[PDB]
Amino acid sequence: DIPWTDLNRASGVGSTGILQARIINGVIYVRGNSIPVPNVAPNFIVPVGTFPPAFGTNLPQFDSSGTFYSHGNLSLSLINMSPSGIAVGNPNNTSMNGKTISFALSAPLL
């Protein structure tokens, strides 16, 4: 069991907001709130952060939805969860620039 802990943030990623994970009863939980991210060009994916060594490598893999946010407007994002950490894809027609991202996800460990 591991308490709420900061993910190691990828280069280009801002230091403000919350990006944490925890393991309770064998399920990894991840949450991201108002994480500033670099520019995400259309159909590009950029890294957001990586799981400290303490979490191990037996982590689940799946894709889910999140949001991009700036200036009152929310946009749909693609969140990649894997052992490699969290990354964010832009499924929209225009680049996503000066945005923050938010999501929450969880799944059993492997």
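Residue positions are given as counts along the sequence shown, with the first one as 1.
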Of the two stretches 32 to 40 and 48 to 56, which shows the higher Cα B-factor on average in the entry? 48 to 56
For the stretches 22 to 30 and 60 to 68, which has the higher mean C-alpha B-factor as given in the deposited record? 22 to 30
Classify residue 76 as lowest, middle or highest third according to the C-alpha B-factor given in the PDB entry, relative to its own chain. middle
Can you tell me whether residue 105 has a C-alpha B-factor in the lowest, middle or highest third compared with the other modelled residues of the same chain? middle
